[PDB]
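Colleague: Mind folding the following:
(one chain, ligands or ions: 3)
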Amino acid sequence: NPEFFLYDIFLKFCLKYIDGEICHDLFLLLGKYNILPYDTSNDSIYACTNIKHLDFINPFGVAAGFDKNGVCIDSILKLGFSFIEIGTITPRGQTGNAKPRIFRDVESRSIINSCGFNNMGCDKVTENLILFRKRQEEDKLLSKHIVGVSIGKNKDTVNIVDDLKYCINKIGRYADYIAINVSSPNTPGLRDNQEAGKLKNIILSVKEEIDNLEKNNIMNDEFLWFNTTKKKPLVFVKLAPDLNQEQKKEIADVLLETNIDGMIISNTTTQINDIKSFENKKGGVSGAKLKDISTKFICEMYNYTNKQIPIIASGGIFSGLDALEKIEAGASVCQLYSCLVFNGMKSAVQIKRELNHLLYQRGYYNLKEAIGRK
Ligand SMILES: Cc1cc2nc3c(=O)[nH]c(=O)nc-3n(C[C@H](O)[C@H](O)[C@H](O)COP(=O)(O)O)c2cc1C
Ligand SMILES: Cc1cc(Nc2ccc(S(F)(F)(F)(F)F)cc2)n2nc(C(C)(F)F)nc2n1
Ligand SMILES: O=C(O)c1cc(=O)[nH]c(=O)[nH]1
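Modeller: Numbering: from 1, shown residues only. Ligands and ions are numbered 1, 2, ... in the order given. Structure as follows:
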């Protein structure tokens, strides 16, 4: 439509002139007031996908950190995405690091950030997710759309687990899945939770808290899980790419022993030095330059877990081609972030088109057939 096209001009303009986090908040606001366009197209039934009994109408969603506070869930989903991951949230509100903390290099289609864990806190965000869930009962276009919640610990909290336990109790009833990220380069001490021993501990503790939600309520699943699945939320974990081969296999074991529901590969990276505008900057890099690193990480973990744990792709996905690399590498689902920044609101419509056409030309019957074909 012209709707998309006109908006994308405004965005390209904003991208050139205006600060990144200012732009982000501006368009989140436009989405909050529901003046963004819709993709009302039927999605190809041949590009369906799932992770266990969690079904996605199409294989593209938005990654955590994009709508941290769940203020814009409807509008973003209606751009053509099958799901969104809100957060990362923490039990208490944070301001995050000092601004500016997000910068973009257009030529390389990359971003670096040191947001450091800004969100309105779990309590307020739960009210936002509840309001959405109420809207979802009335909106034809939100049916079968999935909302995951990314959860993490406040800055100065001694134990991670006590933070996540609070988050699950408050918001776990409204979530279709829970993403645990011990993968973030913006707060010190988070990533050491990636050891196998502490991880196993965290993962178990999360499943037990979710399982406890079921036990302590007296209602049936219909009137207990105020989400889309109407079941208890799945448990994913998100991994940073800056690990060595021993760490990755050590972790790979854990995820199996815990029987986790999926792994999100990957988060941002600190190991990129060839971006000129970014040399002054600290933080984690995302976008195109993260693409090849990310994909490799999927192949590794796909092999190390011996293909029992489903994978969710994140890192430099812009095109239907990029998407297929992640799928053949072993991903069931893809998440976009940087693409929305650089390609705009058309990204979902566009990338779904490109992938559908490729699946044809590559002779795939459906998307599931292509999963892990390396
Ligand atoms: C400004 C910014 C904030 C982010 N915040 C989070 C976050 O809070 N939690 C999280 O798991 N990932 C966060 N991410 C990482 C994204 O979820 C995603 O994994 C990463 O950007 C790679 O996607 P991409 O290459 O398509 O951009 C953030 C990324 C950016 C650029
Ligand atoms: C022009 C621009 C846009 C943008 N993000 C963005 C882009 C579009 C939308 S949306 F979701 F318009 F409908 F697609 F609201 C939401 C967020 N960001 N995000 C950043 C950043 C990297 F700072 F977060 N810079 C941006 N610049
Ligand atoms: O919000 C952040 O600080 C953040 C979290 C994360 O997981 N990855 C990232 O790059 N930034």
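Colleague: now the strands for the stretch 1-150 of the chain?
Modeller: 49-51, 54-56, 60-62, 83-89, 102-105, 110-113, 146-151 (DSSP state E, counting those that start in this stretch).
Colleague: which residues sit against the longest one?
Modeller: Yep, that's strand 83-89 we're talking about. With C-beta atoms under 8 Å, 6 or more residues apart in numbering as the test, strand 83-89 has contacts from 56, 61-70, 73, 76-77, 117, 119-122, 125, 129, 145-152, 167, 171, 176, 179, 181, 184, 333, 335. Where you see a C-beta, it was placed from the backbone N, CA and C, and this is true even at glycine.
Colleague: Considering only those residues, which also neighbour ligand 2?
Modeller: Contacts with ligand 2 within the contacts of strand 83-89, as defined by C-beta under 6 Å from any ligand atom: residue 76.
Colleague: Could you list which of the contacts of strand 83-89 belong to helices?
Modeller: 73, 76, 77, 122, 125, 129, 167, 171 (DSSP state H).
Colleague: Just the buried subset of the residues you listed, please.
Modeller: Buried members of these, counted by 16 or more other C-beta atoms under 10 Å: 73, 76, 77, 122, 125, 129, 167, 171.
Colleague: which among these gets closest to residue 370?
Modeller: Set against residue 370, the nearest of those by C-beta to C-beta is residue 77 (24.6 Å).
Colleague: What separation is there between that closest one and residue 57?
Modeller: Distance of residue 77 to residue 57, given as C-beta to C-beta, to the nearest Å: 10 Å.
Colleague: so what's in contact with those two at the same time?
Modeller: By C-beta under 8 Å, 6+ apart, the residues touching both residue 77 and residue 57 are residue 145.
Colleague: Quick one: the buried ones among the ones in helices among the contacts of strand 83-89 as JSON lines, columns for distance to residue 28 too.
Modeller: As requested, these are arranged in JSON lines below (distance: C-beta to C-beta, whole Å):
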{"residue": "73", "distance to residue 28": "10"}
{"residue": "76", "distance to residue 28": "8"}
{"residue": "77", "distance to residue 28": "13"}
{"residue": "122", "distance to residue 28": "19"}
{"residue": "125", "distance to residue 28": "14"}
{"residue": "129", "distance to residue 28": "15"}
{"residue": "167", "distance to residue 28": "22"}
{"residue": "171", "distance to residue 28": "19"}
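Colleague: ok, those vs ligand 1, which is closest?
Modeller: Closest approach between those and ligand 1, by C-beta to the nearest ligand atom: residue 125, at 11.8 Å.
Colleague: isn't that closest one right up against residue 69?
Modeller: Yes: Residue 125 lies in contact with residue 69 (C-beta atoms under 8 Å); the separation is 5.3 Å.
Colleague: who touches both of those two?
Modeller: 86, 89, 119.
Colleague: nearest residue to the first one other than its sequence neighbours?
Modeller: So that's residue 86. residue 70 (4.3 Å; C-beta to C-beta, 6 or more residues apart in numbering).
Colleague: And that neighbour, how far from residue 124?
Modeller: 9 Å.
Colleague: The residue of the stretch 1-150 of the chain found nearest ligand 3: what's it in contact with?
Modeller: Closest contact between the stretch 1-150 of the chain and ligand 3, by C-beta to the nearest ligand atom, is at residue 115 (3.6 Å). For residue 115, the contacting residues are 65, 96, 97, 101, 102, 186, by C-beta under 8 Å, 6+ apart.
Colleague: residues contacting the second one?
Modeller: Counting by C-beta under 8 Å, 6+ apart, residue 96 makes contact with 115, 116, 117, 118, 186.
Colleague: So it versus residue 70, what's the distance?
Modeller: Per C-beta to C-beta, residue 96 is found 17 Å from residue 70.
Colleague: Pick out the residue closest to the middle of this protein.
Modeller: Residue closest to the average C-alpha location in the chain (C-alpha atoms, centre = their mean): residue 63, at 2.6 Å.
Colleague: which residues sit in contact with it?
Modeller: 85, 314, 335, 336, 337.
Colleague: for residue 31, same thing?
Modeller: 72, 74, 75, 76.
Colleague: are any of the contacts of residue 115 buried, and which?
Modeller: 65, 96, 97, 101, 102, 186.
Colleague: can you put the residues you listed in a markdown table and add distance to residue 206?
Modeller: Output for the buried ones among the contacts of residue 115, formatted as a markdown table (distance: C-beta to C-beta, whole Å):
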| residue | distance to residue 206 |
| --- | --- |
| 65 | 20 |
| 96 | 24 |
| 97 | 26 |
| 101 | 28 |
| 102 | 29 |
| 186 | 21 |
